[PDB]
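First the structure, in the form of structure tokens, and then the observations on it.
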Amino acid sequence: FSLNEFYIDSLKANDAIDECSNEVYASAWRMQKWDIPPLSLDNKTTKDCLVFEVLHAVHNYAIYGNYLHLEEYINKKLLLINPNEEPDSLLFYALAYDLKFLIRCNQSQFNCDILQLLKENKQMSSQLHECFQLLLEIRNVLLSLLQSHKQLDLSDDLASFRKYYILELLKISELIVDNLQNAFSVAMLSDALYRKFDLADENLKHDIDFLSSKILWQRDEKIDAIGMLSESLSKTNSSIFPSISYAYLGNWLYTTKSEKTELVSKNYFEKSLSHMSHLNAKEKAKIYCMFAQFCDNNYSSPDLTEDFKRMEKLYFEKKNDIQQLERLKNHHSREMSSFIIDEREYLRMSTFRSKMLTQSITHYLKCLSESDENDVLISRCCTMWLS
Amino acid sequence: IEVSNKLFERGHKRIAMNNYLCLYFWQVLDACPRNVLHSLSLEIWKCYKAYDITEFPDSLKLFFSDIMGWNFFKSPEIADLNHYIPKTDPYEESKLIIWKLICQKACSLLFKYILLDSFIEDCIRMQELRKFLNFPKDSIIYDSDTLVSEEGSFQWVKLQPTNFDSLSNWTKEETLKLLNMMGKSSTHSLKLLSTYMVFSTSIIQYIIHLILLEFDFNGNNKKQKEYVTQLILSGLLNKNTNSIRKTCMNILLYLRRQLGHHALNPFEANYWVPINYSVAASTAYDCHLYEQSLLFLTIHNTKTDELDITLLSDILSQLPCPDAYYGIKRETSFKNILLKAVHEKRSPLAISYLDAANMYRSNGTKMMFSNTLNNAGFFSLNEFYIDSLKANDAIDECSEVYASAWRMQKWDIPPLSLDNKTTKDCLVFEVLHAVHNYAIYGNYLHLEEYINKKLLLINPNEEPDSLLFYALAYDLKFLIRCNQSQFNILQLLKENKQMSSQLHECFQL
Amino acid sequence: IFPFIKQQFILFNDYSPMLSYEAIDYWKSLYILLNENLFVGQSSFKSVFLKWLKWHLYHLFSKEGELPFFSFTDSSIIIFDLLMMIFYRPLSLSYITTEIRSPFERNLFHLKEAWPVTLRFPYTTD
Amino acid sequence: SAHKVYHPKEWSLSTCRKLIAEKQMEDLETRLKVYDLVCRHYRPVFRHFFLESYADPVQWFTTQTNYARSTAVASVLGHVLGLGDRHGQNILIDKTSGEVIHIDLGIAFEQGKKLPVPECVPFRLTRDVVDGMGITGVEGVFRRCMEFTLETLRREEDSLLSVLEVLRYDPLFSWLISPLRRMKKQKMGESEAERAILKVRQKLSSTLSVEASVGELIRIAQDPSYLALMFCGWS
């Protein structure tokens, strides 16, 4: 959006864009530049010109701290939208109502969290292109306009509401606004606001770090996300019991092999399981079941299981050779030392294989039990069970 | 050809004199035939800046630039050897070696420098033979080394009043206050009475290492040892001049290189003079000798294991080696990702994306963004960004701003001043705007004269990319004055079929 | 600032003959020697301004006294010749030996009083 | 001799190996703790070879960088080709430039894994060799050079794979090395060609990105848990 804004004012310098169009205001309301004059209320407007006019009204009613003239503006806007029967009008209606709740309620100014609207279907719900667009960005700019003037803040708990972009970004990334770069941009904004507003050691910092690491890893710069989540998780944090972040970082570490298998299993998944029983929800099943996925990837590796089979073979043939030689006594002693070392290694690796397979089957069963959303894995569990 | 190749198999570094170079092989070479010039050995132009071009006629400099572009275009000579001669010289024999070095330097000054030369002759005449006269040729020993006690240089009023001292008179004062502990030869007059010639730091810096080596373990005890320690420490940290710090670091390294008598380790020999190497390394980093700064940093970390992590990052940021910036990992935040992606200039994990996010989240950047856009190749995006910055005035610079002035073919941006030394981007823009204007209007002599004027001033800077402009001057001249077949640009690489380890310096724009 | 002045100039109002002589000569020297830009910098913008001066605010000086930017001065002809020869030509200045014959009056008013220079050398000084 | 000169207080190079070799039938944690103790006694002294013993700082940095590049390229090529023994004796650093040349490449193509004590580390990166490129560990020059070597070796997978194939059909190249032979080197019926070439394809397989791949390689080369099991002495 910033490169887009650069392009627009560059075009304005060339006097070519005729800055009363939709794209100029689509840049304006997204870059929070409340200096370009809004389009006339009597004159017909597109979606983005309307959104920018409404947001300029919100800005000038938040600088001077009002909840009533904003109502007049919103209602005068909503009066003159429907008769043309534009398909997007319904969306505008939603916007108006959401705005109404941001300047009425003295606490928890948002309705239904929007992210739950996408979580209830447990997918993107694939309504259609025109049914999923542009709401979350206006919610973001509204929320940041709430505390544009500290005379409109007048409290500290709002500055903790300020920092709940995590819902907005779990919504935009997984995709009402239909993008990913905006998710990273708002995550950067949330990090800046956390380092700007309040104490730099809390749990909100860790949650923001976790969301940013998710946004980065999905962009596939895997090692950078690994580092950013491990800087805040593997740390003497405040009230550090985050199970979801621990499970996600363990899965990522085993994905890119950036950490040892035993170390990641003992430091990033057992920590998550120890801090369980306080998030009994769908995320709980997600944690056991990402754990089962990681343990299955541990078991299902082709190369290491090939060496495992060769190792079972040489263990059995060394047992046979011990039987043959027991029937060169010093040679027998050296051989028995060598293959007792081999045998103890065999027991260690076989016990590890049994433990990982049983644990992954059990956590697959749990991933099914706690949440019915993830179902297909039972077949996978079946393949890992009746084999 | 034989003259050219025999000129270089040995060291014949003696054309350093500026008045003696236009007489030397830079005015005779111009008159030599062009085919012969092409047939000359490559080492003539291998060291394009080692020659002192202080005194040169305009035409000679123009011919130098033309031939230098011609020689760059075929078999580029950017690659150079790294190492020079060492400093370690090899108990009475050690003192003999120090005195031998001092007297060899004195004889060299005598040969090179008439009043001053006569004074050095008298100073060398100042009587006892310590076998050190064998190394100088015996003719000087017989003539000026029974001999007349009366000085043959000055007549009690002819002596110089010891003026015109160097800006590095700091070493002169140090040598004066140092040698006044046990005077072997009143070599004292070489520093206090012969300090006339701006010698005033040449011989002083030449044998200050030697006299400091003499002072160390000169006797069982010596306050002058604490004096050398204090003066080294005082010279390392300094103000208003980097040259004094450079000289002090040179003495530090010279003393560190020497073999320490009855020294258990070369390590502790590097610490014969008690000092903290961390402040020395910080000074070297401020002295812009980054490899020397890293040497001091690693010697300090070998002693104290107390490296300055921020200092190490600052050092590795500017290190010329391409595979730097990754030695020290900075724990990742939304500023480390951006800075790491800027250096690579890569499209995956787009630095354009991170810069775009930070430009609106408000989480140095006014140039990093422009350079990332230019390096990625989105020249129109960088044009838009530069125009937006100019509209906001936030850039307020004539650097970046001119990188996209010629690349985007916008010939309305005024050029930078021709007199001032200017960066390669403004350099290229000046040349290219000139050629565009004289293509529009068609005056060939004007373009030639302008390129000559612009190529005359570039030489003294000792900038790494001066030869790169010599190439551009020769190239556009060839592509301009010809009536047909304007090419002269790819064929070299087609023969190479690869970069041929040319490094970013040789091949760029 | 030069582009802003040029935009203000050639507007028939700011572009006036009231400007002192040789100011345009200095501008041309700056544009063709140091800047050395002729793409709307020399022979295009300077030529346009000179043509506007020769057409607008022509033969009507702001002040009649001292021949300010008047046609009586040969310096105007010298500047015109210099500008004509500076339009992308080798030795673009092409100007030498103006033959002032001491009409320039380099020494200022009270030049006889300036010739204080009689006692230039102080007693036992310098 | 550098460790016997710079730090005479610590244990000699023959003082620690013997006790490292003393534990041969023990668990992994015992080896890890003994290696931690030994590497704490022996500080890395290689970095002094380049410094104040070669030349002025420009040459010192040039030879340190060239040593880093040469050891990175040699290490990547050893991993891709499965190079085996990497003794200190079997690496030669050129006093003129510092680059490392690997002599005695008689054990390669997984043969090193067949030794009585398998070389679990891909390429030797013990504490001294890591110190060699300076105060920095295996980061900067080393990691980037390894990345570039792996990327280029994967770009030319077809031609290099064909070359290794023509070695496979060559009857002289015995992709099989006798176990007794293998034993000797450390002391100082299936066609193995197809399995070895499959391993080489896997080491050049682009399933895992090159950056994280060389990161994992560096991790195994530096993690003391692996290095404590490499071999008795071997350092």
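No lab work stands behind these numbers, since they all come straight from the coordinates. When we count neighbours, we look across all protein chains shown, and the Cβ atoms used for this are built from the backbone with ideal geometry, even at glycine.
Check off (1) closer than 22 Å to D:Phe148 by Cα; (2) crowded, with 17+ Cβ neighbours inside 10 Å; (3) more than 7 Å from every other protein chain (Cβ to nearest Cβ) for B:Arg346 and give me the number that stays unchecked.
So B:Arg346 meets the others, but not (2).
Mind listing whichever residues of region D:206-218 are more than 10 Å from chain A (Cβ to nearest Cβ) and over 14 Å from D:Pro122 (Cβ atoms)?
Once the filter is applied, which keeps residues that are more than 10 Å from chain A (Cβ to nearest Cβ) and over 14 Å from D:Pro122 (Cβ atoms), region D:206-218 yields D:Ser206, D:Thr207, D:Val210.
In region A:344-387, what count of residues is obtained for those that are in a helix (DSSP H, G or I), small (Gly, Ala, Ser) and surrounded by fewer than 18 Cβ atoms within 10 Å (Cβ to Cβ)?
In the first step, residues of region A:344-387 are kept if they are in a helix (DSSP H, G or I); the result is A:344-370, A:377-385.
Okay, now just the ones that are also small (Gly, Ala, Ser), so A:350, A:354, A:360, A:369, A:379.
Subsequent filtering for residues that are surrounded by fewer than 18 Cβ atoms within 10 Å (Cβ to Cβ) retains A:350, A:354, A:369, A:379.
Within region A:344-387, residues that are in a helix (DSSP H, G or I), small (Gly, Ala, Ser) and surrounded by fewer than 18 Cβ atoms within 10 Å (Cβ to Cβ) number 4.
Evaluate region A:174-182: report whether one residue or more is part of a helix (DSSP H, G or I), facing another protein chain (nearest Cβ under 8 Å) and among the polar types (S, T, N, Q).
Of the residues in region A:174-182, the ones part of a helix (DSSP H, G or I) are A:181-182.
Now drop any that are not facing another protein chain (nearest Cβ under 8 Å), which leaves A:181.
Within this subset, residues satisfying the condition of being among the polar types (S, T, N, Q) are A:181.
Checked region A:174-182: at least one residue is part of a helix (DSSP H, G or I), facing another protein chain (nearest Cβ under 8 Å) and among the polar types (S, T, N, Q).
Given (1) touching a helix residue (DSSP H, G or I) at 6+ places or on another chain (Cβ under 8 Å); (2) among the β-branched types (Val, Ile, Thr); (3) over 22 Å from D:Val117 (Cβ atoms), identify the lone condition not met by A:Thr358.
(1)
Across region D:96-123, which residue is farthest from D:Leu150 (Cα to Cα) among those that are within 14 Å of chain A (Cβ to nearest Cβ), of a type in the set (A, V, I, L, M, F, W, C) and crowded, with 17+ Cβ neighbours inside 10 Å?
Initial filter on region D:96-123 (within 14 Å of chain A (Cβ to nearest Cβ)): D:110, D:113-118, D:120-122.
Keeping just the survivors that are of a type in the set (A, V, I, L, M, F, W, C) gives D:115, D:117, D:120-121.
Next cut, crowded, with 17+ Cβ neighbours inside 10 Å only: D:115, D:121.
Working: D:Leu115: 26, D:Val121: 17 Å.
Going through the qualifying residues, I end up with D:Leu115.
Any residue in region B:435-463 that's within 7 Å of chain C (Cβ to nearest Cβ): show its pairings with residues that are in a helix (DSSP H, G or I) and of a type in the set (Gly, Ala, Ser) at Cβ separation under 9 Å, as long as the two are six or more apart or on different chains.
So the pair list comes out as B:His446/B:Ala434; B:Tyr450/B:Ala434.
Determine if region D:73-80 includes at least one residue that is closer than 20 Å to D:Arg124 by Cα, out of contact with any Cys (no Cβ under 7 Å at 6 or more places or on another chain) and facing another protein chain (nearest Cβ under 10 Å).
So the first thing to find is which residues in region D:73-80 are closer than 20 Å to D:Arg124 by Cα, and the list is D:73-80.
Subsequent filtering for residues that are out of contact with any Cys (no Cβ under 7 Å at 6 or more places or on another chain) retains D:74-80.
Checking the rest, the ones that are also facing another protein chain (nearest Cβ under 10 Å) come to none.
Within region D:73-80, not a single residue is closer than 20 Å to D:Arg124 by Cα, out of contact with any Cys (no Cβ under 7 Å at 6 or more places or on another chain) and facing another protein chain (nearest Cβ under 10 Å).
Given B:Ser399, B:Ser388, which one is within 14 Å of chain A (Cβ to nearest Cβ) and either within 19 Å of A:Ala13 (Cα to Cα) or part of a loop (DSSP other than H, G, I, E, B) (or both)? Show your work before the answer.
On the way: B:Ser399 fails: within 14 Å of chain A (Cβ to nearest Cβ).
One residue alone meets the criteria, B:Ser388.
Only residues that are within 11 Å of another protein chain (Cβ to nearest Cβ), in contact with a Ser or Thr (Cβ under 6 Å, 6 or more places away or on another chain) and not small (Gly, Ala, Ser): list them for region A:216-258, please.
Passing the criteria: A:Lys222, A:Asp224, A:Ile226, A:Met228, A:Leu229.
Restricting the search to region B:311-325, which residues are assigned to a helix (DSSP H, G or I) and either surrounded by fewer than 19 Cβ atoms within 10 Å (Cβ to Cβ) or not β-branched (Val, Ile, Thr) (or both)? I'd like the intermediate steps shown before the answer.
The first filter runs over region B:311-325 and keeps only residues assigned to a helix (DSSP H, G or I), leaving B:311-317.
Answer for region B:311-325, where residues must be assigned to a helix (DSSP H, G or I) and either surrounded by fewer than 19 Cβ atoms within 10 Å (Cβ to Cβ) or not β-branched (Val, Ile, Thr) (or both): B:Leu311, B:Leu312, B:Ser313, B:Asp314, B:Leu316, B:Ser317.
Scan region A:30-57 residue by residue and report those that are of a type in the set (S, T, N, Q) and either farther than 21 Å from A:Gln133 by Cα or in a helix (DSSP H, G or I) (or both). Quick ask: steps written out before the conclusion?
Residues of region A:30-57 of a type in the set (S, T, N, Q): A:32, A:40, A:43, A:45-46.
Within region A:30-57, A:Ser40, A:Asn43 meet the criteria.
How many residues are more than 7 Å from chain B (Cβ to nearest Cβ) and of a type in the set (A, V, I, L, M) if we restrict to region D:131-147? Explain how you work it out, then say what you get.
Here is the first cut: in region D:131-147, the ones more than 7 Å from chain B (Cβ to nearest Cβ) are D:131-133, D:137-138, D:142, D:146-147.
Keeping just the survivors that are of a type in the set (A, V, I, L, M) gives D:133, D:138, D:146.
Selection size over region D:131-147: 3.
Quick one: which helices (runs of 4 or more DSSP H) sit completely within region D:147-235 and have at least 3 residues that are over 18 Å from D:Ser75 (Cα atoms)? Walk me through it before giving the result.
Details: elements: D:157-169, D:179-187, D:192-203, D:210-222, D:224-227.
Here the list reads D:157-169, D:179-187, D:192-203.
Yes or no, residue by residue, for (1) away from chain B (no Cβ under 14 Å); (2) of a type in the set (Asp, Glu):
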{"residue": "D:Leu125", "(1), (2)": "yes, no"}
{"residue": "D:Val129", "(1), (2)": "yes, no"}
{"residue": "D:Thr149", "(1), (2)": "no, no"}
{"residue": "D:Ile177", "(1), (2)": "yes, no"}
{"residue": "D:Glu192", "(1), (2)": "yes, yes"}
{"residue": "D:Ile197", "(1), (2)": "yes, no"}
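Here is a list: D:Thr71, D:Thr65. Which entry is within 12 Å of the chain's Cα centre (by Cα) and part of a helix (DSSP H, G or I)?
On the way: D:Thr65 fails: within 12 Å of the chain's Cα centre (by Cα).
From the options D:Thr71, D:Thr65, the qualifying one is D:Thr71.
Return the pair list, or none, for Cβ contacts closer than 7 Å from residues in region B:47-66 that are at negative phi to residues that are part of a helix (DSSP H, G or I) and aliphatic (A, V, I, L, M), at least 6 apart or on different chains.
What qualifies is B:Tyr48/B:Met68; B:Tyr48/B:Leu467; B:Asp58/B:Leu456; B:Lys61/B:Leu456; B:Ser65/B:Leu455; B:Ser65/B:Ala473.
Residue by residue through region A:89-127, note down the ones that are over 24 Å from the mean Cα position of the chain (by Cα) and assigned to a loop (DSSP other than H, G, I, E, B).
A:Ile103, A:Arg104, A:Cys105, A:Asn106, A:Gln107
Which of the numbered conditions does B:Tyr474 fail, given that it passes all the others? Conditions: (1) at negative phi; (2) away from chain C (no Cβ under 12 Å); (3) outside any helix (DSSP H, G or I).
B:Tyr474 satisfies every listed condition except (3).
Can you name every residue in region C:68-126 that is of a type in the set (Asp, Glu) and either within 14 Å of another protein chain (Cβ to nearest Cβ) or outside any loop (DSSP other than H, G, I, E, B) (or both)?
Quick first cut of region C:68-126, residues of a type in the set (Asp, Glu) only: C:74, C:81, C:99, C:105, C:113, C:126.
C:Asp74, C:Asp81, C:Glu113, listed by residue number.
Any idea which residue in region B:149-192 is nearest to B:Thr241 (Cα to Cα), counting only those that are small (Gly, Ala, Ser) and surrounded by 15 or more Cβ atoms within 10 Å (Cβ to Cβ)?
Just the residues of region B:149-192 that are small (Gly, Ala, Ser), to begin with: B:149, B:152-153, B:166, B:168, B:183, B:185-186, B:189.
Of the ones still in play, those that are also surrounded by 15 or more Cβ atoms within 10 Å (Cβ to Cβ) are B:153, B:166, B:168, B:185, B:189.
Working: B:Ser153: 35, B:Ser166: 13, B:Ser168: 9, B:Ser185: 32, B:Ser189: 27 Å.
Top of the filtered list is B:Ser168.
Of the residues A:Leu304, A:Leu328, which single one is among the aliphatic types (A, V, I, L, M) and surrounded by 12 or more Cβ atoms within 10 Å (Cβ to Cβ)? Write out each step before concluding.
Details: A:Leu328 fails: surrounded by 12 or more Cβ atoms within 10 Å (Cβ to Cβ).
Going through A:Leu304, A:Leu328 in turn, the sole match is A:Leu304.
Tell me whether region B:214-235 contains one or more residues that are farther than 30 Å from B:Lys158 by Cβ, surrounded by fewer than 15 Cβ atoms within 10 Å (Cβ to Cβ) and within 26 Å of the chain's Cα centre (by Cα).
Within region B:214-235, one or more residues are farther than 30 Å from B:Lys158 by Cβ, surrounded by fewer than 15 Cβ atoms within 10 Å (Cβ to Cβ) and within 26 Å of the chain's Cα centre (by Cα).
So in region B:330-339, with the set limited to residues that are facing another protein chain (nearest Cβ under 9 Å) and in contact with a helix residue (DSSP H, G or I) (Cβ under 8 Å, 6 or more places away or on another chain), which one is surrounded by the most Cβ atoms within 10 Å (Cβ to Cβ)?
From region B:330-339, those facing another protein chain (nearest Cβ under 9 Å) are B:331-334, B:336-337; that's our starting set.
Keeping just the survivors that are in contact with a helix residue (DSSP H, G or I) (Cβ under 8 Å, 6 or more places away or on another chain) gives B:331-334, B:337.
Details: B:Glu331: 10, B:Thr332: 20, B:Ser333: 17, B:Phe334: 20, B:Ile337: 22.
If we take residues in region B:330-339 being facing another protein chain (nearest Cβ under 9 Å) and in contact with a helix residue (DSSP H, G or I) (Cβ under 8 Å, 6 or more places away or on another chain), then B:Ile337 is surrounded by the most Cβ atoms within 10 Å (Cβ to Cβ).
Restricting to region B:336-354, name every residue that is in a loop (DSSP other than H, G, I, E, B) and within 17 Å of A:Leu229 (Cβ to Cβ). Outline the logic, then answer.
Quick first cut of region B:336-354, residues in a loop (DSSP other than H, G, I, E, B) only: B:345-350.
Residue satisfying the conditions is B:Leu349 alone.
Give A:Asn14, A:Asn60 a once-over and let me know the one that is within 12 Å of chain B (Cβ to nearest Cβ) and not β-branched (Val, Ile, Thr). Reasoning before the result, please.
Details: A:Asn60 fails: within 12 Å of chain B (Cβ to nearest Cβ).
A:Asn14 is the lone residue from the list that is within 12 Å of chain B (Cβ to nearest Cβ) and not β-branched (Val, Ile, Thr).
Quick one: A:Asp201 ticks every box in (1) more than 14 Å from every other protein chain (Cβ to nearest Cβ); (2) farther than 26 Å from A:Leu134 by Cβ; (3) of a type outside the set (S, T, N, Q); (4) under 19 Å from the mean Cα position of the chain (by Cα) bar one, so which box is it?
(4)
Within region B:1-22, can you find the residues that are among the aliphatic types (A, V, I, L, M) and not in a loop (DSSP other than H, G, I, E, B)? Explain how you work it out, then say what you get.
So the first thing to find is which residues in region B:1-22 are among the aliphatic types (A, V, I, L, M), and the list is B:1, B:3, B:7, B:15-17, B:21.
Across region B:1-22, the qualifying residue is only B:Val3.
I need the full set of residues from region B:291-310 which are more than 8 Å from chain D (Cβ to nearest Cβ) and either in a loop (DSSP other than H, G, I, E, B) or closer than 28 Å to D:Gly215 by Cβ (or both), in order please.
Selection gives B:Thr304, B:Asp305, B:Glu306, B:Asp308, B:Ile309, B:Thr310.
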